[PDB]
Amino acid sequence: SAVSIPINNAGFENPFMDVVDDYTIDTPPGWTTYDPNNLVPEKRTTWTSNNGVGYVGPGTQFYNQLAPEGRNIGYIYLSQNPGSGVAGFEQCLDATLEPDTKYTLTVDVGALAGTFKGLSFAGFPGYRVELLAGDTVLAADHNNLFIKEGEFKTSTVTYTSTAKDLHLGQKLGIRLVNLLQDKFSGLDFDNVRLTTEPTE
């Protein structure tokens, strides 16, 4: 009975990656970089704040599972110290907020395990998954799931509109946010899904 709203590059499968544990450092297509505190440079480099896709496939050295979906995850890595701000992915949809409708936003959240060239992947920065109408956060899961090194869990965000919602007709949106509340301050997302169902 719930209808899916299509999401562009919903599984971070674009771009295609050939080598397990390789990654990009440029915003994945379908998404924009959400960067209210100007943490992410326009000219991207490894080992500085960035986002992109990572190939989590057979033989990965940094996870205890494959990607939740397909080959790739999407990641946001912030090198600034905890407390410096929040950043992540945003996607504004063509779909608009409808009255007497329940929205269900689901996304898998994970993080690296282990260490790399002296940088520990122990610890987690906190995540927030947001459903938007216009620039309003209708509903969000601020860090309620415990995200273990190298593993993913599914976040569920729900919003129910009324017949007189202030935000009716505004574009729906999704944000996937690195809260930078601790280190290691990289975070992964995959398999974004959004459904709509009329209320009874």
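Numbers for residues come from their place in the sequence shown, where the first is 1.
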Quiz item: If you average the Cα B factors in the entry, which is higher, 116 to 124 or 71 to 79?
Solution: 116 to 124
Quiz item: Once you work out the mean C-alpha B-factor for both 45 to 53 and 158 to 166 from the entry, which is higher?
Solution: 158 to 166
Quiz item: Can you tell me which of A140, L66, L145, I174 has the highest Cα temperature factor in the record?
Solution: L66
Quiz item: Compared with the other modelled residues in the chain, in which third is the CA B-factor of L131?
Solution: lowest
Quiz item: In terms of the CA temperature factor given in the entry, to which third of its chain does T96 belong: lowest, middle or highest?
Solution: highest
Exercise. Comparing against every modelled residue in the chain, figure out the third that the C-alpha B-factor of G30 lands in (lowest, middle or highest).
Key: middle
Quiz prompt | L187 - which third its CA temperature factor falls in, relative to the rest of the chain | solution = highest
Exercise. Compare the C-alpha B factor of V19 with those of the other modelled residues in its chain, then answer lowest, middle or highest third.
Key: highest
